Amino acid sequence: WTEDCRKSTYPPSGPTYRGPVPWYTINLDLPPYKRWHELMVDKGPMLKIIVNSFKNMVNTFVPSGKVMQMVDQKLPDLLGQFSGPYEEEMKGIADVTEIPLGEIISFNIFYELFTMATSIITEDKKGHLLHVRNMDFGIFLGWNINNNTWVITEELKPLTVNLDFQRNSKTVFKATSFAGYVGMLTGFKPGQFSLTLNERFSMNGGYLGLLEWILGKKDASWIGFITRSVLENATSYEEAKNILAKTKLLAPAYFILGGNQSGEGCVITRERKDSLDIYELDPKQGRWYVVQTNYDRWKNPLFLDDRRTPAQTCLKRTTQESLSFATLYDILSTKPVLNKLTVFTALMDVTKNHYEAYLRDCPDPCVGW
């Protein structure tokens, strides 16, 4: 079920609003191992539940139990040590929650593969940029007939957190993530740039990237880890763009990157080895937005999953003269851009240092895809 462009959905309320996203300060001055301990006090019980769901469903489809045995006993050794800070951060999470490290690593692997998204950057007539996104998730292990949801997708909602990463008590970047995950998929560096990651599918894909890694070719970056390293350590739109366009990746991806002034917005369509396309704002020629879902801009959607066309229609209807968090939230609340897989909606304003995220629901009748 789809619908006409929504209006009057902001500030959030009603049946598509699950609730607010809590803020946590992550202190980069702490040793990596300790950075997540305070968050785990609050969200550790929920992380234990989501890994329980994954384990139990895998052990249902593979009743020998041998896959989860490999996850728990061998997966860390197959991949080898991660570069810092990620190894120690994940070990800290595993140790405080008493979850096997291989399951934390597996959780961190989920985000290289099973997300869907709608990401939008807009530029108004004053040159002001907004960057918004829906974060969708579907691993499709468990269906709950009693409320028409996917088990793991729903369990991500209480794991969702807004994070203020600080060094010397000063914000470096802000992000929305899931407790237990140490990469980043959504965030901004105030006054500098904003970044969202959308999954991309291809036959030279993440499954092959993992195989190459296991077989000893480790020159590549994990997509959630390069995103985190850019947010944490890059200092400008152009620097971020260069890193994201050129770094070798474990999996294909779309990077949606906004800056801090007119014209600074692009979609970088990535193969593992390089950029297939960089599509940038061109306000002088009437190109005042970019919209990216999970298919290549020059190709047709997957017939049964076209969120790009409705997002673009609602944007064109809104026009460049009525761009704000409120009107962009309206778009991200319109089915199928909002769908049963939508975990959260995030809204970013780099130059005004405004960052919001909201947990979502999509009441029946709603598309599951």
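Start at 1 and count along the sequence shown; that's the residue number.
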query: Entry-level comparison of average CA B-factors, 209-217 and 192-200, reporting the higher stretch; finding: 209-217
query: Which of 227-235 and 137-145 has higher mean CA B factor, as the PDB entry lists it; finding: 137-145
query: Criterion, highest CA B-factor; candidates, 264, 88, 77, 95; finding: 77
query: Candidate residues 123, 164, 296, 154, the one whose C-alpha B factor the record puts highest; finding: 296
query: Lowest, middle or highest third - CA B-factor, residue 115; finding: highest
query: Residue 250 - Cα temperature factor, lowest/middle/highest third of chain; finding: highest
query: Modelled-residue ranking by C-alpha temperature factor, third containing residue 61; finding: middle
query: CA B-factor ranking of residue 272, expressed as a third of its chain; finding: highest
query: Lowest, middle or highest third - CA B-factor, residue 312; finding: middle
